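Visitor: As they sit in the full assembly, here are the leading chains:
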Amino acid sequence: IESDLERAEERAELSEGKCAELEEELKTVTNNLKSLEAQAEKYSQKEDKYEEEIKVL
């Protein structure tokens, strides 16, 4: 039973490590998505401004 307990412990440790890594990856990619969305909104506004400038000039 002691050997069985050791095996269970090591499996749990590996699973937790993978979980932590996945958490970090998701955090990074979600931050990237947020930044890109803000940039896209600003770009739409800039595009409208540029079209207005084209018309007036």
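Guide: Noted; the coordinates are in hand. Residues are numbered from 1 along each chain as shown, chains lettered A, B, ... in the order given.
Visitor: contacts and neighbour counts: CA atoms only from here.
Guide: Fine.
Visitor: neighbours around residue A:12, how many?
Guide: By the criterion of other CA atoms under 10 Å, residue A:12 has 11 neighbours.
Visitor: Identify the residues contacting it.
Guide: By CA atoms under 8 Å, 6 or more residues apart in numbering, the contact list for residue A:12 is empty.
Visitor: Can you tell me the element it falls in?
Guide: helix A:2-56 (DSSP states H and E).
Visitor: That helix: how far from the chain's middle?
Guide: 0 Å (CA atoms, centre = their mean, to the nearest Å).
Visitor: For stretch A:15-24, give me every contacting residue.
Guide: Outside stretch A:15-24, no residue touches it (CA under 8 Å, 6+ apart).
Visitor: CA atoms only for that stretch - export them in PDB, please.
Guide: Extracted in PDB, the C-alpha atoms of stretch A:15-24 (Å, rounded to 0.1, in the frame of the first residue of the first chain):
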ATOM      1  CA  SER A  15      -1.000  16.500 -13.200                       C
ATOM      2  CA  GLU A  16      -0.800  19.700 -11.000                       C
ATOM      3  CA  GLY A  17       2.400  20.800 -12.900                       C
ATOM      4  CA  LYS A  18       0.700  20.400 -16.200                       C
ATOM      5  CA  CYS A  19      -2.300  22.300 -14.900                       C
ATOM      6  CA  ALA A  20      -0.100  25.200 -13.800                       C
ATOM      7  CA  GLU A  21       1.600  25.400 -17.200                       C
ATOM      8  CA  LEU A  22      -1.700  25.400 -19.000                       C
ATOM      9  CA  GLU A  23      -2.900  28.200 -16.700                       C
ATOM     10  CA  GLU A  24       0.100  30.300 -17.600                       C
END
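Visitor: add chain B to the structure above, sequence below:
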Amino acid sequence: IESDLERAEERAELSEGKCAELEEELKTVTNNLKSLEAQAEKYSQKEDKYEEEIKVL
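Guide: Below, chain B sits with the chains from the block before:
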């Protein structure tokens, strides 16, 4: 020892489930990020053309 082993194995199962869910989230967010990268590239091309026309005018 037997009780501790049972609890450890249950913990490992829970961690594995969490890892699977994290994998799903990561893949979904990755796809969304790629789509928005393409959108931003289109934004960049539009801005380039508008800038050129502004210069000409």
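Visitor: mind redoing the contacts of residue A:12 now chain B's in there?
Guide: Taking CA atoms under 8 Å, 6 or more residues apart in numbering or on different chains, we find residue A:12 in contact with B:8, B:9, B:11, B:12, B:13, B:15.
Visitor: Near the fifth one, how many other residues are there?
Guide: By the criterion of other CA atoms under 10 Å in any protein chain shown, residue B:13 has 15 neighbours.
Visitor: again with the third one
Guide: Residues within reach of residue B:11, counting by other CA under 10 Å, total 18.
Visitor: ok, now the first one?
Guide: Counted with other CA under 10 Å, the burial measure for residue B:8 works out to 21 neighbours.
Visitor: Now do the residue in chain A that chain B sits nearest to against residue A:2, distance only.
Guide: Closest to chain B within chain A is residue A:12: 4.0 Å, counting by CA to the nearest CA. The gap separating residue A:12 from residue A:2 is 15 Å, by CA to CA, to the nearest Å.
Visitor: for residue A:8, same thing?
Guide: Residue A:8 is 10 Å from residue A:2, by CA to CA.
Visitor: Need the overlap of contacts for the two.
Guide: In contact with both residue A:8 and residue A:2: residue B:5, using CA under 8 Å, 6+ apart.
Visitor: All set now, cheers.
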